[PDB]
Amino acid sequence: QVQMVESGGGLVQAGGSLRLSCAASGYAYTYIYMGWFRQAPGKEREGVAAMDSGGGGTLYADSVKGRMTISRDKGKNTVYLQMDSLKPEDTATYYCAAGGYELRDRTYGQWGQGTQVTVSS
């Protein structure tokens, strides 16, 4: 019943900036944590970034910290990922998730279908 939508991916160029957007609708409460995970071809799904409903509790994977920024609208079930300078290693399917804790994949119960980001270099 909850609609998880996430978008903004596609074929992009190394060095460019990119913003991914996610929203939940059909949920009558607030997801405390929302975040972004990604999975590159043949690799394990990994946590990228997460943030709580007050705009804090922010966490990043070591390999993306300083290179991407998560944000959320206050009072809302939205979350965003601003990527400052795409690297080849950022090619992956990016998933938004809601209702878990930090970057613990198994704790999240709502997932978008994933947006593919393919970085040319």
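The first residue of the sequence shown is number 1, and the count goes up from there.
Asks: Using the B-factors recorded in the PDB entry, average over the C-alpha atoms of 34-42 and of 92-100, then report which stretch comes out higher.
Replies: Averaging CA B-factors over each stretch, the winner is 34-42.
Asks: Per the entry, where is the mean C-alpha temperature factor higher: 8-16 or 21-29?
Replies: If you average the C-alpha B-factors of 8-16 and of 21-29, the larger mean comes out for 8-16.
Asks: Ranked by Cα temperature factor within the chain, is residue 79 in the lowest third, the middle third or the highest third?
Replies: Within its chain, residue 79 is a lowest-third residue by C-alpha B-factor, going by the deposited values.
Asks: Taking only the Cα B-factors deposited for this chain, tell me whether residue 58 sits in the lowest, middle or highest third.
Replies: As the PDB entry reports it, the C-alpha B-factor of residue 58 lands in the middle third of its chain.
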